[PDB]
Amino acid sequence: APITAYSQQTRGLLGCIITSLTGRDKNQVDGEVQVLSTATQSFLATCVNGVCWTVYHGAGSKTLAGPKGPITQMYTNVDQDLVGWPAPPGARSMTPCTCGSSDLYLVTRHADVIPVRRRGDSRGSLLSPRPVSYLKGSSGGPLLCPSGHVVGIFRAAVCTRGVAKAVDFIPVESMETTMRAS
Amino acid sequence: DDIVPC
Amino acid sequence: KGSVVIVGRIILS
Ligand code: NA
Ligand SMILES: [Zn+2]
């Protein structure tokens, strides 16, 4: 395959609770995609041009625990379901796609890379439907073009009877539009 | 179609 | 109102 991924855990349940409370995370950061957790749920952030982007429905208005204490969001767009923190030192920052490809790859929290065909500005179909359970906890994950650049971040699954056949996503252009208006 | 936030 | 926490990462190839 072209694009491949693996994950590495860094913190367990106890570490997560404490870190949530102190807002201070001293762990080394690495990787293009951060696996995030609050008290109640898990999701992903994709690092694009120095900013960690994720979904508002996961992060709300919360700070991100960091090496110098809590990191305030620098972009918050409720209607777009989009938030961003400045990326901590160590994060591998990706580049937006400029090739316009409609052949996408979605990266899940399990580090699977799955084929998506773009069907609209914010919608792609899954070439092979999956149980929605497989996609839970993956909101905020990148949709990449064949060159591995960011087209968008995964927002919600379009499902029938617990089966996801398509995904709604936030185009990498919305990130731009949010940063302008700010 | 159900829209399910993930 | 606690912070979001990084509990893992994903490395791409
Ligand atoms: Na993998
Ligand atoms: Zn591209």
# chains A, B, ... in the order shown; residues from 1 in each chain; ligands from 1

$ residues_around --residues "residue 9 of chain C" --least-positions-apart "6" --cutoff "7 Å" --atoms "only C-alpha atoms" --output "PyMOL selection string"
chain A and resi 7-9+30-31+33-35

$ closest_atom_pairs --of "chain C" --to "ligand 1" --cutoff "10 Å" --atoms "only C-alpha atoms and all ligand atoms" --output "CSV"
residue,atom,partner,partner_atom_place_in_ligand_line,distance
C:10,CA,ligand 1,1 (Na),9.0
C:11,CA,ligand 1,1 (Na),9.1
C:12,CA,ligand 1,1 (Na),8.6
C:13,CA,ligand 1,1 (Na),9.5

$ interface_residues --of "chain A" --to "chain B" --cutoff "8 Å" --atoms "only C-alpha atoms" --output "ChimeraX atom specification"
/A:43,57,135-139,155-160

$ closest_residue --among "A:115, A:50, A:100, A:88" --to "chain C" --atoms "only C-alpha atoms"
A:88

$ closest_residue --among "A:6, A:105, A:154, A:56" --to "chain C" --atoms "only C-alpha atoms"
A:6

$ residues_near_ligand --ligand "ligand 2" --cutoff "9 Å" --atoms "only C-alpha atoms and all ligand atoms" --output "VMD selection string"
chain A and resid 96 to 102 104 144 to 151

$ write_last_selection --atoms "C-alpha atoms" --output "short mmCIF file (atom, residue, chain, number, x, y, z; two decimals), in the first residue's frame"
data_model
loop_
_atom_site.label_atom_id
_atom_site.label_comp_id
_atom_site.auth_asym_id
_atom_site.auth_seq_id
_atom_site.Cartn_x
_atom_site.Cartn_y
_atom_site.Cartn_z
CA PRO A 96 -2.87 20.80 2.72
CA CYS A 97 -3.59 19.06 -0.56
CA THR A 98 -3.31 21.17 -3.72
CA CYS A 99 -3.65 18.35 -6.28
CA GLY A 100 -7.45 18.19 -6.14
CA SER A 101 -7.60 14.38 -6.08
CA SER A 102 -10.91 12.68 -5.34
CA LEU A 104 -8.96 9.80 -0.52
CA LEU A 144 -5.51 12.39 2.81
CA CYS A 145 -4.94 12.50 -0.94
CA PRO A 146 -2.69 9.89 -2.62
CA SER A 147 0.32 12.18 -2.03
CA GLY A 148 -0.46 12.14 1.70
CA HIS A 149 -1.56 15.75 2.05
CA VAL A 150 -4.61 16.91 3.93
CA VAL A 151 -7.95 17.26 2.21
#

$ select_by_dssp --residues "chain A" --states "strand (DSSP E)" --output "PyMOL selection string"
chain A and resi 5-9+33-37+42-48+51-55+75-77+82-86+103-107+113-118+123-131+142-144+150-160+163-171

$ interface_residues --of "chain A" --to "chain C" --cutoff "8 Å" --atoms "only C-alpha atoms" --output "PyMOL selection string"
chain A and resi 2-12+16+19-23+25+29-39+59+62-65+70+109+111

$ atom_distance --atom1 "atom CA of residue 152 of chain A" --atom2 "atom CA of residue 173 of chain A"
8.0 Å

$ select_by_dssp --residues "segment 90-138 of chain A" --states "helix (DSSP H, G or I)" --output "mmCIF file with C-alpha atoms, in the first residue's frame"
data_model
loop_
_atom_site.group_PDB
_atom_site.id
_atom_site.type_symbol
_atom_site.label_atom_id
_atom_site.label_comp_id
_atom_site.auth_asym_id
_atom_site.auth_seq_id
_atom_site.Cartn_x
_atom_site.Cartn_y
_atom_site.Cartn_z
ATOM 1 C CA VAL A 132 -20.085 2.682 12.571
ATOM 2 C CA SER A 133 -18.463 1.241 15.732
ATOM 3 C CA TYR A 134 -15.238 1.015 13.720
ATOM 4 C CA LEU A 135 -15.266 4.784 13.080
#

$ atom_distance --atom1 "atom CA of residue 76 of chain A" --atom2 "atom CA of residue 53 of chain A"
9.9 Å
